[PDB]
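Q: Following this message is one structure expressed as structure tokens.
Protein chains: 4
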Amino acid sequence: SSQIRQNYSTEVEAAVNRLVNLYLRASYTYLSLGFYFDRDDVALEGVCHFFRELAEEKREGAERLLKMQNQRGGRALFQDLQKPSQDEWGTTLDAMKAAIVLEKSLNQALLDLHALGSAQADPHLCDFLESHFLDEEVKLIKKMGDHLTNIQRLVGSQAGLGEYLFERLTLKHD
Amino acid sequence: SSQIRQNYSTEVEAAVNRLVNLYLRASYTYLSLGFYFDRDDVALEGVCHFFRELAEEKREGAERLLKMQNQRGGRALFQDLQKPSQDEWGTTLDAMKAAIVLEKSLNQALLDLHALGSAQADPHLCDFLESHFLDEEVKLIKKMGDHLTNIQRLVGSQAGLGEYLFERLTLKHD
Amino acid sequence: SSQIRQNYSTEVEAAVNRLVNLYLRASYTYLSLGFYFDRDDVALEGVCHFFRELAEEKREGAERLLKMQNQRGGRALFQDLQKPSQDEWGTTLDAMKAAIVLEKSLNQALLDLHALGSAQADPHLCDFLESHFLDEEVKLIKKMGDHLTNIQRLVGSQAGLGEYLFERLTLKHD
Amino acid sequence: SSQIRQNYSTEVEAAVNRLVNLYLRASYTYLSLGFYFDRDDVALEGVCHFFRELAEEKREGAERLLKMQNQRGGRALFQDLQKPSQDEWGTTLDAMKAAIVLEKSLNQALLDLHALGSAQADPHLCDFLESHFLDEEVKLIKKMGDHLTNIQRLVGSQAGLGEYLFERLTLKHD
Ligand SMILES: [Cl-]
Ligand SMILES: [Cl-]
Ligand SMILES: [Cl-]
Ligand SMILES: [Cl-]
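Protein chains in written order, with UniProt numbering: chain A, 2 to 175; chain B, 2 to 175; chain C, 2 to 175; chain D, 2 to 175.
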């Protein structure tokens with residue numbers, strides 16, 4: 002079973018497993034976003050790359066949670082992973098709006114788990130989230146907000162031009 | 002007190018202290034401009050960087066004045082530093098117009114102090130301003146005037162597009 | 002306005018702006034201390050350098066606070082910056098005593114803001130202060146306390162000798 | 002005679018020759034100061050080195066004046082060089098006080114010549130002094146004032162100790 006578990010509540014253990022599911026769901030959403038922007042009828046390489054990188058980052062966050070679960074003596078439990086909310090993601094603007102909604106949901110889940118840890122007097126859990134998740138999420142949401150503002154300023158009366166220019170001049174591409 | 006002071010009028014000493022205040026005020030104005038352009042709802046990185054660099058340059062000018070005050074045997078006297086004239090700075094165009102107004106005010110203060118030094122037959126003071134301040138200010142005002150012209154040509158009927166393009170293609174960013 | 006703000010109270014936002022003012026005030030106090038020790042009638046280079054470095058450190062702390070304010074979606078608001086409490090700072094001992102009073106005031110402000118963040122369940126704020134401010138301040142206050150003890154032991158009946166020796170043999174100079 | 006002279010008054014030409022004499026006199030004074038501190042019954046190596054370096058600097062200033070005299074088409078005229086004002090120079094404090102008196106006299110001579118050049122509308126002369134002499138002299142007088150303050154603080158009731166320590170810990174020696 003476990004000979005190591007200490008100060009690790011069943012409530013935190015379950016909440017960590019749920020958060021793993023949320024991060025893997027987010028990773029899957031970003032995989033879908035990335036491949037949508039690689040369609041020949043969409044063809045925005047920088048947008049594709051932005052979301053493919055986020056799919057990897059969310060996968061890695063799930064793996065860090067799972068490592069920690071085992072370090073604490075809890076037990077990973079995996080659930081079905083629901084498919085993303087859309088099959089087609091619209092414009093870069095639509096996609097970036099969906100991404101910031103997703104990230105705020107992950108951030109609230111992190112804050113909720115931190116509050117549970119606080120309540121349970123679990124400082125290792127609280128430290129873990131502070132050190133590896135909370136600032137990473139604030140930084141990412143600030144980046145997305147920056148991007149949304151620039152996308153919005155480029156719409157003008159010439160949406161296609163603006164969408165090309167943002168992809169070319171802000172996002173990273175070959 | 003001082004055993005070194007020679008040919009250094011009380012009028013120049015006081016005017017140097019006032020100029021220190023003006024440069025520190027200018028530095029504070031540029032700090033505010035820089036952080037405004039870093040807002041997620043403004044998000045013009047090149048504009049942010051332009052003004053953050055000027056905040057550092059004006060700080061350094063104040064420090065050079067203070068070093069000189071002591072080299073001459075005058076006494077630094079610091080006054081309260083008023084907050085910048087605005088909390089929000091509008092568009093890049095509004096900000097660059099405010100910056101050139103600010104720089105012309107600093108330039109007139111430099112010219113006034115040079116004229117006082119001339120009147121007081123203080124060639125070290127006059128040399129000091131010629132060598133470290135007057136051309137730096139002319140160069141900067143020419144740069145700002147160049148930028149204003151380019152910003153103005155980009156307004157068109159598509160202001161957001163123009164403001165993005167200027168930030169991307171003229172100003173230095175990551 | 003902001004599309005990123007999440008779990009960031011108006012109370013914390015205002016307190017961060019106040020703390021910016023306190024750090025910029027502290028920076029200004031250290032600028033004045035530094036230039037006082039550069040006077041030809043004071044002439045303690047190591048003391049000058051010690052306080053000029055602190056002016057830069059406090060400026061940088063204010064800039065880190067302002068970056069964080071924007072990362073969280075709050076709005077920087079700048080106030081007038083009061084001049085330092087003295088125009089002349091006495092002996093190295095007087096100056097180091099004033100510095101530790103100043104640092105304890107900054108430390109209490111940090112602790113107060115941490116307590117507000119705790120109360121508001123704002124773990125990103127609390128982490129931010131823990132990671133970038135609290136230990137830096139404890140380290141600095143310990144250094145100043147060390148210096149005060151050494152300065153005090155050197156007073157003897159030969160104050161000028163002691164003040165020279167401390168500057169020469171403890172503080173960093175050319 | 003000269004085929005190059007232009008805008009170079011006889012008054013400036015004569016004043017340049019006088020200034021050469023003053024600089025060579027100063028160099029000779031510093032040679033004497035240096036060798037006094039090398040006496041086995043004085044034996045303050047750092048003090049010796051300080052004044053020997055100034056003897057070289059004043060020689061070089063005279064040579065720069067003579068080069069300029071020829072560049073302008075004036076004619077060098079050399080006069081007898083009076084011996085220094087003392088044969089023995091007392092303590093480091095006495096010597097540093099004599100040095101700052103000497104430097105203020107050179108500085109006033111520079112300022113007087115600058116004023117003559119101004120009056121004669123001789124901008125090359127004025128530039129020459131600004132570029133190669135005025136700031137060098139302000140810097141040196143500030144250094145000497147710094148040293149005087151430190152020497153004075155070290156007198157205490159233990160003059161010999163203070164004089165040793167200043168030589169050892171402020172002045173450059175082997
Ligand atoms: Cl589903
Ligand atoms: Cl005001
Ligand atoms: Cl005040
Ligand atoms: Cl004689």
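Each residue gets a CB set at the ideal place from its N, CA and C atoms; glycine is no exception.
(1) Closer than 7 Å by C-beta to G91 (chain D): which residues in its own chain qualify, once you throw out the five before and the five after it? Chain order, please.
(2) Is it a yes or a no for the stretch 47-66 of chain B touching the stretch 26-36 of chain B, going by three-plus beta-carbon pairs under 8 Å?
(3) Does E54 (chain C) pass the burial test, meaning 16 or more other C-beta atoms within 10 Å, or should it be called exposed?
(4) Kindly give me the distance between the Cβ atoms of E131 (chain D) and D136 (chain B), rounded to whole angstroms, as I take these residues to be in contact under 8 Å.
(5) Quick one: using the 10 Å Cβ neighbour count with 16 as the cut-off for buried, is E89 (chain D) buried or exposed?
(6) Is the beta carbon of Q83 (chain B) within less than 8 Å of some heavy atom of ligand 2?
(7) Going by C-alpha distance, which of B:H174, B:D123, B:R169, B:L111 is nearest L20 (chain B)?
(8) So the alpha helix (DSSP H) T30 (chain A) belongs to, where does it begin and stop?
(9) List the residues of chain A that residue 235 (chain B) touches, going by C-beta distances under 7 Å, in chain order.
(10) Can you list, in chain order, the residues of its chain with a C-beta nearer than 7 Å to that of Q121 (chain C)? Leave out the 5 residues immediately preceding and following it.
(11) Relative to the C-alpha of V48 (chain D), which residue among D:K143, D:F36, D:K144 is closest?
(12) In chain order, what residues of the same chain lie with their CB nearer than 8 Å to the CB of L114 (chain C), ignoring the 5 residues before and after it?
(13) Under a Cβ-count criterion, where at least 16 other Cβ atoms within 10 Å of its own Cβ denotes burial, should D95 (chain A) be classed as buried or exposed?
(14) Tell me the rounded alpha-carbon separation between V156 (chain C) and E164 (chain C).
(15) I'd like to know if the stretch 146-156 of chain C and the stretch 96-107 of chain C are in contact, where contact means that at least 3 CB-CB pairs between them fall below 8 Å.
(16) Work out the CA separation of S119 (chain B) and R169 (chain D) for me, nearest whole Å.
(17) Assign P85 (chain C) to one of two classes, buried (16 or more other C-beta atoms within 10 Å of its C-beta) or exposed (fewer than that).
(18) Taking only three categories from DSSP, how would you classify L107 (chain D)?
(19) Can you give me the start and stop residues for the alpha helix (DSSP H) that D88 (chain C) sits inside?
(20) Could you tell me whether the Cβ atoms of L107 (chain B) and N22 (chain B) are closer together than 9 Å?
(21) Exposed or buried, which one is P124 (chain C) when buried takes at least 16 other CB atoms within 10 Å?
(22) Is it buried or exposed for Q72 (chain D), if we count other Cβ within 10 angstroms and need 16 for buried?
(23) Can a CB atom of chain C be found closer than 9 Å to the CB of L82 (chain B)?
(24) At a cut-off of 8 Å, is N8 (chain A) close to ligand 5 when judged by its beta-carbon and the heavy atoms of the ligand?
(25) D175 (chain C) lies in the alpha helix (DSSP H); which residues open and close that run?
(26) Of all Cβ atoms in chain B, is any one closer than 9 Å to the Cβ of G74 (chain C)?
(27) One question on the structure: do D39 (chain B) and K68 (chain C) come within less than 9 Å of each other, judged by their Cβ atoms?
(28) Using the DSSP secondary-structure output, state which residues sit across from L82 (chain C) in a beta bridge.
(29) Return the Cβ separation of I5 (chain C) and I142 (chain A) in integer angstroms, given the expectation that the two are a contact with Cβ distance under 8 Å.
A: In brief:
(1) Start at 1 with the first residue of the fourth sequence, and residue 91 (chain D) comes out as number 90. Here the set comprises nothing.
(2) yes
(3) Walking along the third sequence from the start, residue 54 (chain C) turns up at place 53. Looking at its Cβ environment, which holds fewer than 16 other Cβ atoms inside 10 Å, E54 (chain C) is exposed.
(4) For this step, residue 131 (chain D) is matched to residue 130 along the fourth sequence. For this step, residue 136 (chain B) is matched to residue 135 along the second sequence. Actually they are not in contact, since the Cβ atoms of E131 (chain D) and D136 (chain B) sit about 15 Å apart, beyond 8 Å.
(5) As a first step, residue 89 (chain D) is located in the fourth sequence; it is residue number 88 there, counting from the start. The residue in question, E89 (chain D), is exposed, as its Cβ has fewer than 16 Cβ neighbours within 10 Å.
(6) Along the second sequence, read from residue 1 onward, the residue named residue 83 (chain B) stands at position 82. Flag set: Cβ of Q83 (chain B) near ligand 2.
(7) Within the second sequence, residue 20 (chain B) is the residue found at index 19, counting from 1. Sorting B:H174, B:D123, B:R169, B:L111 by C-alpha distance to the C-alpha of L20 (chain B) places B:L111 at the top.
(8) As a working mapping, residue 30 (chain A) is identified with position 29 in the first sequence. Taken as a continuous stretch (DSSP letters only), the alpha helix (DSSP H) holding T30 (chain A) covers 11-38.
(9) With chain B covering only 2 through 175, there is no way to say anything about residue 235 (chain B).
(10) Within the third sequence, numbered from 1, the residue matching residue 121 (chain C) stands at position 120. Contacts found: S10, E12, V13.
(11) Against the fourth sequence, residue 48 (chain D) aligns to sequence position 47. Of the candidates D:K143, D:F36, D:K144, the one whose C-alpha sits nearest the C-alpha of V48 (chain D) is D:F36.
(12) Taking the third sequence and counting its residues from 1, the one referred to as residue 114 (chain C) is at position 113. Cβ within range, chain order: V13, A16, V17, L20, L126, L130.
(13) For the purposes of this step, residue 95 (chain A) is taken as residue 94 along the first sequence, with counting starting at 1. Burial call: exposed.
(14) For the purposes of this step, residue 156 (chain C) is identified with residue 155 of the third sequence, where counting begins at 1. For the purposes of this step, residue 164 (chain C) is identified with residue 163 of the third sequence, where counting begins at 1. Rounded to the nearest angstrom, the two C-alpha atoms are 7 Å apart.
(15) A contact exists between the stretch 146-156 of chain C and the stretch 96-107 of chain C.
(16) Against the fourth sequence, residue 169 (chain D) aligns to sequence position 168. Against the second sequence, residue 119 (chain B) aligns to sequence position 118. Whole-angstrom Cα-Cα distance: 43 Å.
(17) Residue 85 (chain C) sits at position 84 when you count from the first residue of the third sequence. Looking at its Cβ environment, which holds 16 or more other Cβ atoms inside 10 Å, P85 (chain C) is buried.
(18) Taking the first residue of the fourth sequence as position 1, residue 107 (chain D) is located at position 106. Here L107 (chain D) sits in helix by DSSP.
(19) What you label residue 88 (chain C) is simply residue 87 of the third sequence in a count that begins at 1. Per DSSP, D88 (chain C) belongs to no alpha helix (DSSP H) and is neither H nor E.
(20) Within the second sequence, the letter at position 106 stands for residue 107 (chain B). Within the second sequence, the letter at position 21 stands for residue 22 (chain B). Here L107 (chain B) is not near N22 (chain B), since their CB atoms are 9 Å or more apart.
(21) Looking up residue 124 (chain C) in the third sequence gives position 123. So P124 (chain C) counts as buried.
(22) Working through the fourth sequence from its first residue, we reach residue 72 (chain D) at position 71. Under this definition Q72 (chain D) is an exposed residue.
(23) Numbered from its first residue, the second sequence carries residue 82 (chain B) at position 81. Answer yes: the Cβ-Cβ gap between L82 (chain B) and chain C drops below 9 Å somewhere.
(24) Judged by which ligands are present, ligand 5 is missing from the structure shown, whose ligands are ligand 1, ligand 2, ligand 3 and ligand 4.
(25) As a working note, residue 175 (chain C) is residue 174 in the third sequence. Segment: none, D175 (chain C) is in no alpha helix (DSSP H) and carries neither H nor E.
(26) Mapped onto the third sequence, residue 74 (chain C) falls at position 73. Closer than 9 Å: yes.
(27) The residue you call residue 39 (chain B) lines up with position 38 of the second sequence. The residue you call residue 68 (chain C) lines up with position 67 of the third sequence. Going by C-beta atoms, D39 (chain B) is nearer than 9 Å to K68 (chain C).
(28) Here the question's residue 82 (chain C) lines up with position 81 in the third sequence. Paired residues: B:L82.
(29) Position 4 of the third sequence, counted from the start, is the residue given in the question as residue 5 (chain C). Position 141 of the first sequence, counted from the start, is the residue given in the question as residue 142 (chain A). That belief holds up - the Cβ atoms of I5 (chain C) and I142 (chain A) are roughly 5 Å apart, short of 8 Å.
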